Structure formats: structure tokens, C-alpha cells
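There is one chain below, alone, in C-alpha cells, taken in the form solved without the ligand.
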């Protein structure tokens, strides 16, 4: 009587199975999304200022941030900016003003300048104007641009009555990464020092994002973004180069991340009307997950048969971050995602209590709605 996995796997596996089943009907939605995105890119490429715009995840017009919202897509439009000088905003480590190494009108971004600073406000404004005008050239399909909520999901489109596409504009820089990332990406004992060096030769991105305090915000800051690196690591994630390419090396890392995301999504959905959980996002869960991979670098610590314990360990790490109010950005270690300035103690304790209940009760929230 050999078990297929150690106890606790089956319920989690049935959850995973159900989540994938929700993706077996996508090709359609994906199609409409690709059509819209390609149209937009064509129009934006005609503007002198956005002439270099392109898909970040090359050949990928989809990237679901919410494991349980298959009709919600996330795409990033990146634009190379030949030579920027970053200036860190008030030692925040993650937020910067964007300035330029030279002055005249050869970079078509001069129109977005405010003094010497590149205005995220102005650029976003043009981006949105171009997009709205373009989705209006769509005659037999109601593509609606949703109203502003912020800067970095820049634009949300509602296609028909079922599909949404969040479009993020990002500046791309091919300079070496800012000094605040110097001690981050601590993958040396997991994915290797040579991999870390290789990754850090890739460009980095900047997305418009107000850096706000308790008081208010400086409207023209940009936040560092490494979503391309996160994707690369998640899909090439083992110490072994052949991790998950055969039966002997099947690991549960990806499934643990999916389960953490689903847990957070289910709880946020249950409590959405009372904003207790508004400030938590899949990005916190993904960041915590990468730290757990650093803490457990060997593939044998993620054997698929041990899904139950691996997931429990993920939950436990996330709880520890909540209780101690510390979750370091994986690329920028002095940027604390769970500081009291960003998320009130009360919200963290609330989430802690919900997750602890779930974990003590075999995760009934996975089944409830």
C-alpha cells in the first residue's frame, strides 16, 4: 500500500485540477485579446513618442495574475528609453524620477517633460487618449476603456461583457540595474551565481506609480519592475536544469504558488465589501514564494509527493511575514512590502486570522464559492 503522495496532497490536487479546468476554454478570449492588443500596438507604433512600443512578454498576449479569474488578462507594453538618468525618490529604494542624459528633440519624449523630469502623468494621458480613440475604431465589438484608478495598471479594457485586459505601460532601460538591487535576487545557491549575473544583464523596467505617504504623493515617480525576470525564474525554477522535464524530477513549486494565490484570491473575494483585505495582492504572495525558494534551494525539498508539507511551509512563511510586518521585495531588499506605512497592522492581523483558520480546517475556502 504505497501512497501516491504524503497525506494532505489529494484535496490540494483536486483544487489544482479544478483551477486548470477553468483554463480549458480560453483560446477564444485569448483570441479577442490578441486582436485588440495587436490593433493597439499598430496604432501606438505610428506615434512618434511611442514608436518603439512593444509587447514585453514577447509572443505572449496574456499572463493571468489571478489564478481564479481566467477572463482577466494582464499585458505590458514596453518602450525603450535610450539613456535615462534615474534619481531615487527620497530613499524609497524602489521609486525614481526619470531624467535624460541629453536635451534636444531626438527622443520623442520631450513633449512629456516637466522641467527636467519625465512626467508619468502626461505620458499616461497621451497613452490613454491614443488607446480610447483606437478602440473606437472597433465597430462590431464594444471595447470600453474603464475609468482611471491609478497609473500602473494604466488602462483597463472591457471586451464584450466578459473579458478584461489590464494594460501597463513600462519604460525599458538597458543600463545596469539601480544600486538598490545590488543585494537582491539572492538566487546564487538555488539557480546559480552565473544565472544571477546573466539575469542582471537583462534590461529593467519602470512603471508609472505614485509613491505616496500617509499624506499624499509625488505624481511623477516610477517604480522598478522585473516581471520578466519573475516569469523566467518561475518557468525555469529548479536547481537541476531538467527539473519538471521528467518523472524523476517532478517538483511542486509552481503548484504551491498557484495554491497560495488562490487562497489569497478566495479570501479577498469573501471580504471584498469590507476592504479589510484590499491592500494585499498576488505580488505579495509571489514575493513570499520566491523567498521560500531561496530558503529551500534543493529540488528534493519540493518533491511532488510532498505537496502537502511544501504548501504548509509556504503558508507558514507568508504568515510569518504578516506577523512581523516584513516582506522584502525580492529584487530590492530594503523595500518592505509589508511596512506599517503601506499596510495597517489591523489588516495584517485580519488576514493572519483568516489564513490560520483555513489552515487549521483543511482550507474550506477552496470549496466554498
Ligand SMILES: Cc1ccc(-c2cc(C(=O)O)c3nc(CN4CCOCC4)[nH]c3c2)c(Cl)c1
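Positions refer to the first chain, counted from 1. Rigid core here is just the name for the largest C-alpha set that superposes within 1.5 Å across the two forms.
Undergrad: Is it the case that at least a third of the other compared entries omit residue 213, given both of its neighbours are modelled there?
TA: Missing in at least a third of the others, so yes.
Undergrad: Output yes if residue 52 is unmodelled in at least a third of the other compared entries of this protein, no if it is modelled in all of them.
TA: No, residue 52 is modelled in every one of the other compared entries that cover both of its flanks.
Undergrad: If you average the CA temperature factors as listed in the entry, which stretch comes out higher, 290-298 or 108-116?
TA: Stretch with the greater average CA B-factor: 108-116.
Undergrad: Taking the recorded C-alpha temperature factors, which stretch has the higher mean, 88-96 or 201-209?
TA: It is 88-96 that shows the higher mean C-alpha B-factor.
Undergrad: Which one of 183, 172, 140, 232 shows the biggest C-alpha B-factor in the PDB entry?
TA: Among 183, 172, 140, 232, the PDB entry lists the largest C-alpha B-factor for 140.
Undergrad: Using only the C-alpha B-factors in the record, can you name which of 329, 27, 339, 316 has the highest?
TA: Largest recorded C-alpha B-factor: 27.
Undergrad: Which third, lowest, middle or highest, does the CA B-factor of residue 283 fall in along this chain?
TA: Its C-alpha B-factor, which the entry lists for residue 283, ranks in the middle third among residues of this chain.
Undergrad: For residue 245, return the chain-relative third of its C-alpha B-factor as stated in the PDB record: lowest, middle or highest.
TA: Lowest third of the chain for residue 245's C-alpha B-factor.
Undergrad: Based on the entry's values, in what third of the chain does the Cα temperature factor of residue 61 lie: lowest, middle or highest?
TA: Highest third, going by the recorded CA B-factors of the chain.
Undergrad: Tell me, lowest, middle or highest third: where does the Cα B factor of residue 101 rank within its chain?
TA: Tercile = highest for this residue's CA B-factor.
Undergrad: Compared with the other modelled residues in the chain, in which third is the CA B-factor of residue 76?
TA: Middle third - that is where residue 76 ends up once the chain's C-alpha B-factors are sorted.
Not pictured, yet referred to below: the form deposited with the ligand bound.
Undergrad: Answer with yes or no whether residue 233 is in contact with the ligand in the bound PDB entry, where contact means some heavy atom within 4.5 Å.
TA: Residue 233: contacts the ligand in the bound PDB entry.
Undergrad: Would you check, heavy atoms only and a 4.5 Å threshold, whether residue 286 touches the ligand in the bound PDB entry?
TA: Close contact exists here: in the bound PDB entry, residue 286 approaches the ligand to within 4.5 Å, heavy atoms only.
Undergrad: Please tell me whether any heavy atom belonging to residue 276 falls inside 4.5 Å of a heavy atom of the ligand, as the geometry stands in the bound PDB entry.
TA: It does not: once the ligand is placed as it appears in the bound PDB entry, residue 276 has no heavy atom within 4.5 Å of it.
Undergrad: Given that the partner is absent here, does residue 223 sit within 4.5 Å of the ligand in the bound PDB entry, heavy atoms only?
TA: Looking in the bound PDB entry, residue contacts with the ligand include residue 223, since a heavy atom lies within 4.5 Å.
Undergrad: Could you tell me which stretch in 22-30, 35-43, 296-304, 325-333 has residues with non-hydrogen atoms within 4.5 Å of the ligand in the bound PDB entry?
TA: Of the options, only 325-333 has residues within 4.5 Å of the partner.
Undergrad: Taking 4.5 Å between heavy atoms as the contact cutoff, choose which of 173, 119, 107, 227 touches the ligand in the bound PDB entry.
TA: By the 4.5 Å heavy-atom cutoff, the listed residue in contact is 227.
Undergrad: Give me the residue from 97, 290, 112, 100 that has a heavy atom within 4.5 Å of the ligand in the bound PDB entry.
TA: Only one option qualifies, and that one is 290.
Undergrad: Superpose on the rigid core, then report which one of 103, 298, 90, 176 has a CA displacement of at least 2 angstroms between the shown form and the other one.
TA: Looking at each option in turn, only one qualifies, and it is 103.
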